[PDB]
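To keep things clear, I will list the structure first and then write my remarks on it.
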Amino acid sequence: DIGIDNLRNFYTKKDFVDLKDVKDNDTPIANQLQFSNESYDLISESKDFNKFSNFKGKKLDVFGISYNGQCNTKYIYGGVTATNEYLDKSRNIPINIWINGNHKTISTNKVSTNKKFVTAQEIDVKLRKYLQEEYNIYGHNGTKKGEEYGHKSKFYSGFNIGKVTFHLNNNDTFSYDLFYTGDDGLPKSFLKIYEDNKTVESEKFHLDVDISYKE
Ligand SMILES: [Zn+2]
């Protein structure tokens, strides 16, 4: 299943997109923003055409996972925020985690943001990299961390079921499946979850994470 190696690589090894104060190119394309550098163009795709219209030609930040495009292009789903408000300090997002039923609470510099409104993508990708580093959820993390959970899953890990829930202060929520591989195991499919360019107010949410196994 190609999705095993692609989740591991795209979430936990491949460098995230992280652009600050970059100008969108203001093309006529309604569903795409575009950011150029000397070697390639990054195209962000979204279904939030109203947001994209407001962002055309503006100074923006971009964060998330890109995947290769033809010739001189790379793609990301969403990932875009307005460069107008930032917190004074990065906020480490509190994480309530249940690991095979056992609960703990943690915060870490590894899951943090200074954006007043952060994409869900930025937080999720940071979180999954942290979960891989500490719990080896996708297997083959290259350290001894998470050996205690074993290697029974198809990832060579202790886990094959999991969820991240964004828990907003008003007890609205939304969730992503930590082991979703899309229709074909390819990033162009599984990253499409981020195409809404959903954001959250960084000071006013926390994360609930559940990871477990069923044979
Ligand atoms: Zn909660």
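In each ligand, atom 1 is the first atom listed, and ligand 1 is the first ligand listed. The figures that follow rest on heavy atoms only: side chains count, while hydrogens, waters and symmetry mates do not. Numbering of residues begins at 1 and proceeds along the displayed sequence.
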>> Ring centres under 6.0 Å, that's the criterion: do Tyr138 and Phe159 meet it?
In response: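 Ring centres of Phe159 and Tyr138 not closer than 6.0 Å.
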
> So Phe166 and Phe174, would you call those rings parallel, tilted or perpendicular, with 30° and 60° as cut-offs?
Replying inline: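 Judged by the thresholds at 30° and 60°, the geometry between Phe166 and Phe174 is parallel.
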
>> Please evaluate residues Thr181 and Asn6 with respect to the criterion side chain to side chain donor-acceptor pair (under 3.5 Å), reporting the C-alpha separation (whole Å), side-chain torsions for both, the decisive distance (0.1 Å), and the verdict.
In response: CA-CA 8 Å; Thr181 58; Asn6 282 337; over 6 Å; no

> Is the shortest distance from a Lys or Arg side-chain nitrogen in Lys59 or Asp21 to a carboxylate oxygen in the other one below 4.0 Å?
Replying inline: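 Between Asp21 and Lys59 there is a salt bridge, with a charged N closer than 4.0 Å to a carboxylate O.
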
> Protein N/O/S atoms under 2.8 Å from the Zn ion (ligand 1): how many?
Replying inline: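 Atoms of protein N, O or S type lying less than 2.8 Å from the Zn ion (ligand 1) total 4.
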
> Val125 pairs by side chain to side chain contact (heavy atoms under 4.5 Å, CB included) with which of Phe63, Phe10, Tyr130?
Replying inline: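 Exactly one option meets the side chain to side chain contact (heavy atoms under 4.5 Å, CB included) with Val125, and it is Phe63.
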
>> Against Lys56, only a single residue in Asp24, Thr27, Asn25, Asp26 fulfils side chain to side chain donor-acceptor pair (under 3.5 Å); can you say which?
In response: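 Filter result, single survivor: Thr27.
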
